[PDB]
Amino acid sequence: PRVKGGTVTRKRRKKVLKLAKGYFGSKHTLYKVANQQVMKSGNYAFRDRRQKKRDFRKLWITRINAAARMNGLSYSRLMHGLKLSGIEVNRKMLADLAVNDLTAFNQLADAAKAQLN
Amino acid sequence: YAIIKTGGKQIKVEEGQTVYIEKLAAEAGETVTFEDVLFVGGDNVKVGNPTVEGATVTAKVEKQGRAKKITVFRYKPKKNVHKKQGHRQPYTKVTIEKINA
Amino acid sequence: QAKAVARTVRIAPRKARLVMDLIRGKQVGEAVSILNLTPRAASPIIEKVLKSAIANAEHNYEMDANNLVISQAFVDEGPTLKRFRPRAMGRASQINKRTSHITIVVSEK
Amino acid sequence: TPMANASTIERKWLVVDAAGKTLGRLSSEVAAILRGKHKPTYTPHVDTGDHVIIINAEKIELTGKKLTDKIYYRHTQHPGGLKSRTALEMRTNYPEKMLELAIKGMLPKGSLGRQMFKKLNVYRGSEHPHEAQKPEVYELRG
Amino acid sequence: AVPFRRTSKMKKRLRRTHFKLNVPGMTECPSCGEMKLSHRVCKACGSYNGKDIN
Amino acid sequence: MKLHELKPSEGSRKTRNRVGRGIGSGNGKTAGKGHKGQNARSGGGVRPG
RNA sequence: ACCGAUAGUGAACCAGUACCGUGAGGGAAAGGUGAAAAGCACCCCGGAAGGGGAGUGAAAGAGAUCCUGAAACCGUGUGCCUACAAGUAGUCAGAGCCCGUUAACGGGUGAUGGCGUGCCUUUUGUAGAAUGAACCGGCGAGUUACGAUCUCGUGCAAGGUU
RNA sequence: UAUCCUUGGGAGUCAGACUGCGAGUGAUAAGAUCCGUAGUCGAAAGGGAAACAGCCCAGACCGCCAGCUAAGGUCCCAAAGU
RNA sequence: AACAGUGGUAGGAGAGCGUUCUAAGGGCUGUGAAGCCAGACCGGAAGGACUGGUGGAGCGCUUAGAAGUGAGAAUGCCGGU
């Protein structure tokens with residue numbers, strides 16, 4: 001029996017266009033060009049789910065620098081201090097959540113400064 | 001205000017607020033205690049890697065669903081490689097209560 | 001409101017968006033006059049249709065023709081007429097006659 | 001879920017004086033202040049810096065032979081269009097581009113670069129017009 | 001003499017800025033009241049400046 | 001054996017290893033016969049021995 | 001366990017025609033109103049063409065290459081954004097403003113930041129200044145016939161089978 | 001520590017590159033060519049070497065707004081000690 | 001349950017998705033199917049539904065069998081642009 005192959009295709013090509021909203025110009029009404037862009041998004045949406053493991057550290061660590069220079073300390077003397085102040089686990093994201101409560105943050109800082117000496 | 005360890009991640013915890021935390025061993029009606037607590041706050045009582053003593057802040061487990069759908073389409077450009085795998089991450093809608101400060 | 005369509009009189013649409021990008025929003029009693037000393041000749045189609053567009057509002061609708069403002073007047077292209085102009089060294093260029101559907105929407109101010 | 005401050009920033013006015021120091025290490029910790037990297041509420045994209053006024057820029061110093069060596073090259077677009085200027089040329093003729101060009105390289109590039117760059121200004125001598133904002137006095141770490 | 005690429009739907013529709021045409025100098029016919037072209041004859045009036053000229 | 005529930009003994013039926021439909025299954029582009037060989041063209045090639 | 005109008009006879013239709021060729025020959029394109037022509041009297045606009053009403057029909061957007069009518073493409077409007085920014089055009093952070101859906105760690109824009117050079121063929125090697133495609137839609141490539149051989153599976157087995 | 005051999009169905013590959021040591025050809029010229037043994041690439045993304053198949057680290061089932069180190073880095077772009 | 005492994009081209013191997021047609025059952029349709037048009041639903045994937053709007057007569061599921069079996073690239077054919 002012969003296959004027409006009528007609606008096998010036209011259902012599939014619009015599962016790519018509906019994943020292709022918002023694009024510049026002629027990449028939201030073409031199959032052959034948005035399919036080079038749904039694919040190309042897939043690497044980008046993959047490999048930039050791992051920079052949130054990186055460019056949040058780079059967002060967290062310089063805030064801890066900034067909390068340290070109003071205390072005279074480094075980023076080194078904090079984290080090397082906190083390994084000896086306690087054996088504390090403060091996971092540099094939530095270190096900033098004490099920074100925005102800076103009255104309580106420096107009790108965590110100057111305790112390590114006493115444990116620097 | 002607690003900082004509790006559940007699945008290797010910690011969250012700044014306010015009592016009475018829903019926080020999306022990892023899947024665990026409850027059945028949507030339980031009050032699972034969190035014992036790995038540090039920096040209680042408010043009265044500023046910390047214990048430096050022991051946990052804060054006798055302070056096992058509980059919660060109440062509400063709901064366990066799945067996340068918004070994420071599909072990886074990881075293709076290697078030349079030499080004809082595709083890889084198309086969806087991933088529904090499960091979670092637990094955790095309603096937090098009873099700071100045991 | 002009113003509605004009137006020219007429907008497939010032969011003029012090319014990209015020679016009919018131009019004057020039609022003046023007429024919309026205007027006063028209808030003024031737009032008869034704006035369509036009179038145009039010199040471009042895509043106007044005696046439209047001025048022969050806007051004059052027909054008023055009469056629908058006057059006969060079929062009696063909506064006080066001095067109180068009308070065109071809300072929409074949009075030109076969409078219609079079906080074409082394909083020719084084969086002969087050219088240099090057997091080349092047979094295609095001349096596409098175009099045809100357009102001049103539409104006019106008349107409403108009360 | 002961090003705090004990304006966006007235009008809710010209490011900006012500041014610091015003054016860094018240029019008595020006798022080296023313009024690399026005097027533009028060093030100014031450039032962090034131009035983006036406000038010393039401030040604890042540092043978002044990396046919404047310009048959390050604060051304004052910097054430099055006084056007495058022409059009295060700034062250089063060790064080595066850099067008073068004669070470090071030729072500041074600008075270029076036109078016309079062919080063979082470099083225009084050489086040495087340091088002592090920049091120092092005495094007009095030095096109000098002599099610290100700007102030492103920080104234009106040190107602020108990060110992009111649309112946000114020039115947006116942070118507007119916060120800078122440099123006055124020859126002891127002008128300091130600026131009597132309407134209560135500017136503060138800053139001292140560098142070294 | 002070859003367009004190296006097709007023109008996209010931006011740089012086409014940025015060329016139709018100064019392809020627009022205006023309304024000409026259009027005043028009112030002082031006698032028969034209708035809209036007049038500036039410094040020409042109001043053909044409905046048949047007049048100019050005082051005289052319906054035959 | 002009802003007509004509603006026809007099934008074989010498992011191992012007596014086996015689907016096609018059909019050749020040349022998409023790179024997902026493998027055998028997509030080259031269709032199992034490699035790169036540009038004489039052993040890839042339209043029937044041209046070798047005797048058995 | 002044939003095709004359903006690019007399929008099936010080249011030809012479902014005035015098709016071996018129309019056209020191309022002096023010539024032997026080559027050789028297209030094009031089916032669908034409804035159940036019933038009941039196919040629009042009548043009134044306006046214009047010379048009509050063509051509408052807008054009215055009336056017909058259950059439907060008139062069903063009205064003459066007349067069912068369904070997608071995409072290219074041409075648009076008319078408006079929600080948010082833009083005239084100191086270079087930017088394979090996305091991603092991921094991300095305020096403001098606009099939102100209220102198959103009711104859930106929502107919808108749409110995104111000022112700005114960080115990483116970032118298409119797909120394919122062929123190559124030791126490609127974003128390639130190596131080829132391929134204007135895009136849009138449809139067709140279009142490892143099939144059966146017979147025998148060989150092996151594994152899996154069936155029934156009888158020192159007999160199996162026509 | 002488990003991978004070998006035998007029998008049988010099925011292949012593709014027979015144009016390769018470069019860095020170090022061991023030689024030839026050359027001019028102890030080539031990102032040259034002909035090989036030896038060892039890598040990587042080919043078929044292997046990530047980080048550094050500004051960017052870069054072939055060098056220096058290291059292998060990607062997939063998600064997190066967590067933790068530690070290697071190569072290389074810590075005045076500022078561009079994370080970390082003036 | 002425990003332990004271990006999961007990059008992959010040529011290349012082998014194993015599982016499934018889906019269209020057309022048939023086969024028994026079942027059902028579902030003028031109280032609106034197929035198609036088409038939209039979305040914020042689910043399944044690991046090819047995918048699959050569910051309301052809403054179009055349309056005006058047919059088509060899904062469960063298990064089987066047959067295949068002209070699924071497009072995005074042929075200086076591709078044929079229209080539309």
# chains A, B, ... in the order shown; residues from 1 in each chain; ligands from 1

$ residues_around --residues "residue G:139" --least-positions-apart "5" --cutoff "12 Å" --atoms "only C-alpha atoms (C1' of nucleotides)" --output "list in words"
residues 3, 4, 5 and 6 of chain A; 6 and 7 of chain G; 68, 71, 76, 77, 78 and 79 of chain I

$ residues_around --residues "stretch 19-29 of chain A" --least-positions-apart "4" --cutoff "10 Å" --atoms "only C-alpha atoms (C1' of nucleotides)" --output "list in words"
residues 14, 15, 33, 34, 35, 36, 37, 38 and 41 of chain A; 8, 9 and 10 of chain E; 71, 72, 89, 90, 108, 109, 135 and 136 of chain G

$ select_by_dssp --residues "stretch 14-93 of chain A" --states "alpha helix (DSSP H)" --output "PyMOL selection string"
chain A and resi 14-17+31-47+57-69+75-85+93

$ write_last_selection --atoms "C-alpha atoms" --output "PDB file, in the first residue's frame"
ATOM      1  CA  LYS A  14       5.784  23.377  13.348  1.00  0.00           C
ATOM      2  CA  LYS A  15       7.141  21.690  16.440  1.00  0.00           C
ATOM      3  CA  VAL A  16      10.330  23.561  15.525  1.00  0.00           C
ATOM      4  CA  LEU A  17       8.738  26.883  14.608  1.00  0.00           C
ATOM      5  CA  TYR A  31      12.087  25.697   8.777  1.00  0.00           C
ATOM      6  CA  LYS A  32      15.500  25.411   7.121  1.00  0.00           C
ATOM      7  CA  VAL A  33      16.966  28.351   9.027  1.00  0.00           C
ATOM      8  CA  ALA A  34      15.310  27.986  12.439  1.00  0.00           C
ATOM      9  CA  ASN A  35      16.259  24.311  12.482  1.00  0.00           C
ATOM     10  CA  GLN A  36      19.844  25.478  12.264  1.00  0.00           C
ATOM     11  CA  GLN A  37      18.929  27.643  15.257  1.00  0.00           C
ATOM     12  CA  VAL A  38      16.942  25.276  17.470  1.00  0.00           C
ATOM     13  CA  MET A  39      19.952  22.948  17.189  1.00  0.00           C
ATOM     14  CA  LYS A  40      22.481  25.750  17.777  1.00  0.00           C
ATOM     15  CA  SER A  41      20.437  26.830  20.789  1.00  0.00           C
ATOM     16  CA  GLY A  42      20.756  23.322  22.200  1.00  0.00           C
ATOM     17  CA  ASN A  43      24.511  23.514  22.692  1.00  0.00           C
ATOM     18  CA  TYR A  44      24.096  27.033  24.069  1.00  0.00           C
ATOM     19  CA  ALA A  45      21.294  26.074  26.423  1.00  0.00           C
ATOM     20  CA  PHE A  46      23.425  23.120  27.502  1.00  0.00           C
ATOM     21  CA  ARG A  47      26.848  24.689  27.890  1.00  0.00           C
ATOM     22  CA  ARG A  57      31.108  32.058  42.014  1.00  0.00           C
ATOM     23  CA  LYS A  58      32.526  34.990  40.037  1.00  0.00           C
ATOM     24  CA  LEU A  59      29.436  36.866  41.278  1.00  0.00           C
ATOM     25  CA  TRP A  60      29.740  35.543  44.842  1.00  0.00           C
ATOM     26  CA  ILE A  61      33.482  35.773  45.455  1.00  0.00           C
ATOM     27  CA  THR A  62      34.000  39.456  44.659  1.00  0.00           C
ATOM     28  CA  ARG A  63      31.183  40.356  47.040  1.00  0.00           C
ATOM     29  CA  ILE A  64      33.122  38.530  49.740  1.00  0.00           C
ATOM     30  CA  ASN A  65      36.168  40.568  48.684  1.00  0.00           C
ATOM     31  CA  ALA A  66      34.043  43.654  49.138  1.00  0.00           C
ATOM     32  CA  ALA A  67      32.885  42.575  52.576  1.00  0.00           C
ATOM     33  CA  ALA A  68      36.510  41.892  53.514  1.00  0.00           C
ATOM     34  CA  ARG A  69      38.082  45.244  52.647  1.00  0.00           C
ATOM     35  CA  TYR A  75      39.467  36.743  50.404  1.00  0.00           C
ATOM     36  CA  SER A  76      42.320  34.458  51.413  1.00  0.00           C
ATOM     37  CA  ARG A  77      42.292  35.271  55.129  1.00  0.00           C
ATOM     38  CA  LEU A  78      38.530  34.748  55.264  1.00  0.00           C
ATOM     39  CA  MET A  79      38.392  31.310  53.655  1.00  0.00           C
ATOM     40  CA  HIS A  80      41.697  30.166  55.134  1.00  0.00           C
ATOM     41  CA  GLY A  81      40.464  31.656  58.391  1.00  0.00           C
ATOM     42  CA  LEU A  82      37.097  29.879  58.281  1.00  0.00           C
ATOM     43  CA  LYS A  83      38.861  26.550  57.772  1.00  0.00           C
ATOM     44  CA  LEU A  84      40.504  27.196  61.151  1.00  0.00           C
ATOM     45  CA  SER A  85      37.920  29.465  62.826  1.00  0.00           C
ATOM     46  CA  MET A  93      26.458  31.913  47.884  1.00  0.00           C
TER      47      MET A  93
END

$ atom_distance --atom1 "atom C1' of residue H:1" --atom2 "atom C1' of residue I:12"
28.5 Å

$ interface_residues --of "chain G" --to "chain A" --cutoff "8 Å" --atoms "only C-alpha atoms (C1' of nucleotides)" --output "number ranges by chain"
G: 1-2, 89-92, 114-115, 118-119, 135

$ select_by_dssp --residues "stretch 31-105 of chain C" --states "strand (DSSP E or B)" --output "number ranges by chain"
C: 68-72, 75-77, 81-85, 93-97, 100-105

$ atom_distance --atom1 "atom CA of residue F:4" --atom2 "atom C1' of residue I:26"
10.2 Å

$ residues_around --residues "residue B:97" --least-positions-apart "6" --cutoff "7 Å" --atoms "only C-alpha atoms (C1' of nucleotides)" --output "PyMOL selection string"
chain B and resi 15-16+58-60

$ closest_residue --among "E:42, E:49, E:11, E:3" --to "residue E:26" --atoms "only C-alpha atoms"
E:42

$ interface_residues --of "chain B" --to "chain H" --cutoff "8 Å" --atoms "only C-alpha atoms (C1' of nucleotides)" --output "NGL selection string"
:B and (8-10 or 87 or 89)

$ write_last_selection --atoms "N, CA and C atoms" --output "PDB file, in the first residue's frame"
ATOM      1  N   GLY B   8      22.963  18.418  50.206  1.00  0.00           N
ATOM      2  CA  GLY B   8      24.223  19.057  49.907  1.00  0.00           C
ATOM      3  C   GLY B   8      24.125  20.519  49.541  1.00  0.00           C
ATOM      4  N   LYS B   9      22.928  21.031  49.290  1.00  0.00           N
ATOM      5  CA  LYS B   9      22.690  22.449  49.095  1.00  0.00           C
ATOM      6  C   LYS B   9      22.106  23.003  50.381  1.00  0.00           C
ATOM      7  N   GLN B  10      22.419  24.252  50.683  1.00  0.00           N
ATOM      8  CA  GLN B  10      21.793  24.914  51.812  1.00  0.00           C
ATOM      9  C   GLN B  10      21.014  26.130  51.345  1.00  0.00           C
ATOM     10  N   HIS B  87      14.465  15.915  30.434  1.00  0.00           N
ATOM     11  CA  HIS B  87      14.859  15.751  31.830  1.00  0.00           C
ATOM     12  C   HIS B  87      13.865  16.505  32.713  1.00  0.00           C
ATOM     13  N   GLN B  89      13.208  17.202  36.318  1.00  0.00           N
ATOM     14  CA  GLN B  89      13.782  17.103  37.650  1.00  0.00           C
ATOM     15  C   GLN B  89      12.676  17.105  38.698  1.00  0.00           C
TER      16      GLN B  89
END

$ closest_atom_pairs --of "chain C" --to "chain I" --cutoff "12 Å" --atoms "only C-alpha atoms (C1' of nucleotides)" --output "CSV"
residue,atom,partner,partner_atom,distance
C:79,CA,I:80,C1',11.4
C:80,CA,I:81,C1',11.3
C:96,CA,I:81,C1',11.5

$ write_last_selection --atoms "N, CA, C and O atoms" --output "mmCIF file, in the first residue's frame"
data_model
loop_
_atom_site.group_PDB
_atom_site.id
_atom_site.type_symbol
_atom_site.label_atom_id
_atom_site.label_comp_id
_atom_site.auth_asym_id
_atom_site.auth_seq_id
_atom_site.Cartn_x
_atom_site.Cartn_y
_atom_site.Cartn_z
ATOM 1 N N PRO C 79 -4.503 38.393 -7.647
ATOM 2 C CA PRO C 79 -3.912 37.420 -8.566
ATOM 3 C C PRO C 79 -3.253 38.081 -9.763
ATOM 4 O O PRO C 79 -3.714 39.092 -10.293
ATOM 5 N N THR C 80 -2.156 37.477 -10.193
ATOM 6 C CA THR C 80 -1.258 38.103 -11.147
ATOM 7 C C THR C 80 -1.532 37.637 -12.571
ATOM 8 O O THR C 80 -2.286 36.694 -12.815
ATOM 9 N N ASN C 96 5.635 40.409 -14.528
ATOM 10 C CA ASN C 96 4.510 40.085 -13.662
ATOM 11 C C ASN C 96 3.638 41.324 -13.523
ATOM 12 O O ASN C 96 3.986 42.263 -12.803
#

$ closest_atom_pairs --of "chain B" --to "chain F" --cutoff "12 Å" --atoms "only C-alpha atoms" --output "Markdown table"
| residue | atom | partner | partner_atom | distance |
| --- | --- | --- | --- | --- |
| B:75 | CA | F:24 | CA | 11.6 |
| B:79 | CA | F:23 | CA | 10.4 |
| B:80 | CA | F:23 | CA | 7.0 |
| B:81 | CA | F:23 | CA | 8.0 |
| B:82 | CA | F:24 | CA | 7.4 |
| B:83 | CA | F:24 | CA | 8.8 |
| B:84 | CA | F:24 | CA | 10.0 |

$ residues_around --residues "residue I:42" --least-positions-apart "3" --cutoff "12 Å" --atoms "only C-alpha atoms (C1' of nucleotides)" --output "list in words"
residues 66, 68, 69 and 88 of chain B; 102 of chain G; 47, 48, 49 and 50 of chain I

$ residues_around --residues "residue E:43" --least-positions-apart "3" --cutoff "10 Å" --atoms "only C-alpha atoms (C1' of nucleotides)" --output "VMD selection string"
chain E and resid 29 32 34 36 to 37 40 46 to 48 52

$ atom_distance --atom1 "atom CA of residue C:78" --atom2 "atom CA of residue C:99"
5.0 Å

$ residues_around --residues "residue B:94" --least-positions-apart "3" --cutoff "12 Å" --atoms "only C-alpha atoms (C1' of nucleotides)" --output "PyMOL selection string"
(chain B and resi 6+11+13-24+26-34+58-65+91+97) or (chain G and resi 105)

$ residues_around --residues "residue H:22" --least-positions-apart "6" --cutoff "12 Å" --atoms "only C-alpha atoms (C1' of nucleotides)" --output "PyMOL selection string"
chain H and resi 35-38

$ write_last_selection --atoms "N, CA and C atoms (P, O5', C5', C4', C3', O3' and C1' of nucleotides)" --output "PDB file, in the first residue's frame"
ATOM      1  P     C H  35      56.409   5.606   5.116  1.00  0.00           P
ATOM      2  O5'   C H  35      57.267   4.594   5.998  1.00  0.00           O
ATOM      3  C5'   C H  35      57.005   4.425   7.386  1.00  0.00           C
ATOM      4  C4'   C H  35      58.255   4.046   8.146  1.00  0.00           C
ATOM      5  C3'   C H  35      58.092   3.841   9.643  1.00  0.00           C
ATOM      6  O3'   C H  35      57.612   2.553   9.966  1.00  0.00           O
ATOM      7  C1'   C H  35      59.972   5.210   9.236  1.00  0.00           C
ATOM      8  P     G H  36      56.736   2.340  11.291  1.00  0.00           P
ATOM      9  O5'   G H  36      57.811   2.360  12.462  1.00  0.00           O
ATOM     10  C5'   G H  36      58.795   1.345  12.551  1.00  0.00           C
ATOM     11  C4'   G H  36      59.778   1.619  13.659  1.00  0.00           C
ATOM     12  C3'   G H  36      59.203   1.923  15.030  1.00  0.00           C
ATOM     13  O3'   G H  36      58.875   0.742  15.737  1.00  0.00           O
ATOM     14  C1'   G H  36      60.947   3.449  14.520  1.00  0.00           C
ATOM     15  P     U H  37      57.365   0.206  15.815  1.00  0.00           P
ATOM     16  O5'   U H  37      56.867   0.694  17.244  1.00  0.00           O
ATOM     17  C5'   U H  37      57.367   0.096  18.430  1.00  0.00           C
ATOM     18  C4'   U H  37      57.951   1.125  19.363  1.00  0.00           C
ATOM     19  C3'   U H  37      56.967   2.038  20.073  1.00  0.00           C
ATOM     20  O3'   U H  37      56.321   1.437  21.174  1.00  0.00           O
ATOM     21  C1'   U H  37      58.772   3.309  19.234  1.00  0.00           C
ATOM     22  P     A H  38      54.764   1.728  21.423  1.00  0.00           P
ATOM     23  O5'   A H  38      54.737   3.215  21.981  1.00  0.00           O
ATOM     24  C5'   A H  38      54.758   3.457  23.376  1.00  0.00           C
ATOM     25  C4'   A H  38      54.495   4.906  23.684  1.00  0.00           C
ATOM     26  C3'   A H  38      53.273   5.513  23.023  1.00  0.00           C
ATOM     27  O3'   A H  38      52.075   5.230  23.719  1.00  0.00           O
ATOM     28  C1'   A H  38      55.115   6.978  22.798  1.00  0.00           C
TER      29        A H  38
END
